[PDB]
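Here you get one chain, nothing else, as structure tokens; it is the form deposited in one PDB entry.
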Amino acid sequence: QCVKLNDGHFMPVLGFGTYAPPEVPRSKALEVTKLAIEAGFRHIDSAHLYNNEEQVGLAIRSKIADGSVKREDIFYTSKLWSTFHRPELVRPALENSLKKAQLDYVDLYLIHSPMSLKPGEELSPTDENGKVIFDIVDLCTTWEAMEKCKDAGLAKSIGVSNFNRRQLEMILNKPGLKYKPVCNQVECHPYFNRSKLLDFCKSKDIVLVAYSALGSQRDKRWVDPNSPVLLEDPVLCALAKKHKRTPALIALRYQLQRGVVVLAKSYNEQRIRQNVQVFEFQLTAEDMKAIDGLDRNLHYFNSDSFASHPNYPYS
């Protein structure tokens, strides 16, 4: 299953999440992306930030050489990192991603976050006090540079990530806008279900793409250990038992049935293959209402030290 995007292109509704923390060897991204393609994933989510585009690209090339897939069967996403928001840096950042992945185009290029950072090669530029250094950029000019990347055929589609409604409206209301964002990739799961943003996006034909849909990797660097564990939720577990599925499968199917495209990261061969079973069963309307009741406005990626950024999305 795919969803038609507002530029006429198609996006598979289940995508494979590729982020792994730096303690994971980069050889693993190569191995698990091949396994995901073998399992049936066709939408692969990467980014400059992830330090894995070379390996994800090698996995794609290898499965093309196998004869398993063609390039046109794979939906590959990359993201513009926040130190590259100044408009003259956007196309060179995209070309660099394409060179690492050894691809001629991406299917989707996103602005990774609205929070601009000091330009440079450092992904996390830090001052003498250990504070990450912000930059001020008009994201409408960043967007204009993304539009030129689509016109050049380097990205089939363009979208955003981590935007709130006012940030989306800033793009949608931009004078001389040529391409709307096809999607907004945001944190979305039963403890933070984004119903308000989803209704807004639906009204603008913008696809919401859920990340941390299984509750995040709970990295101690960015997630409070005392936050509740999504997949231990009693309602999700009771529904998994009723359906003879797993809590992860319930969480993924929840998104599919409300019109959300869903990502799922796993570096485990058996859970990768399990997640493709989201297409094998259905939740009832009563099940959906019970999951809708779980929202607690819980942000695993709260970016607490960045709350003072002018573009922090949760203001």
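A residue's number is simply how far along the shown sequence it sits, counting from 1. Only residues modelled in both forms are compared. We call the rigid core whatever largest set of C-alpha positions still superposes within 1.5 Å between the two forms.
Taking the mean of the C-alpha B-factors per stretch from the entry, tell me the winner out of 291-299 and 21-29.
Comparing 291-299 with 21-29, the higher mean C-alpha B-factor belongs to 21-29.
Return whichever of 281-289 and 53-61 has the greater mean Cα B factor according to the PDB record.
In the deposited entry, the stretch with the higher C-alpha B-factor mean is 281-289.
Between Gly215, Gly159, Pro125, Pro114, which one tops the list for Cα B-factor in this entry?
Highest C-alpha B-factor among the listed options: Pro125.
Among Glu187, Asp107, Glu95, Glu88, where is the Cα temperature factor highest, going by the PDB entry?
Going by the entry's C-alpha B-factors, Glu88 comes out highest.
When the deposited Cα B-factors of this chain's modelled residues are ordered and cut into thirds, is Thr83 in the lowest, the middle or the highest one?
Lowest third - that is where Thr83 ends up once the chain's C-alpha B-factors are sorted.
Could you look up the Cα B-factor of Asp66 in the entry and say which third of the chain it sits in: lowest, middle or highest?
Ranked within chain, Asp66 CA B lands in the highest tercile.
Quick check on the deposited entry: does the C-alpha B-factor of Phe306 sit in the lowest, middle or highest third of its chain?
It belongs to the highest third of the chain when residues are ordered by C-alpha B-factor.
Within this chain, which third does the Cα B-factor at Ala240 fall in: lowest, middle or highest?
Its C-alpha B-factor, which the entry lists for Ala240, ranks in the highest third among residues of this chain.
Compared with the other modelled residues in the chain, in which third is the CA B-factor of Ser195?
According to the entry, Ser195 has a C-alpha B-factor in the chain's middle third.
The next section is about a form of this same protein that is not shown, the form deposited in another entry.
When the rigid core of both forms is overlaid, which of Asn173, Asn226, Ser203, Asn129 is the one whose C-alpha moves 2 angstroms or more between this form and the one not shown?
Result of the comparison: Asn129.
For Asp295, does the CA position differ by 2 Å or more between this form and the one not shown when the superposition is done on the rigid core?
No; that C-alpha moves by less than 2 Å between this form and the one not shown.
Look at the CA atoms of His299 and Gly130: state whether they lie closer or farther apart in the other entry than in this form, given a difference of 3 Å or more.
So the answer is closer.
Please identify, after superposing on the rigid core, every run of 3 or more consecutive residues whose C-alpha atoms all shift by 2 Å or more between this form and the one not shown, listing them in sequence order.
Only these runs move by 2 Å or more: 126-131, 302-305.
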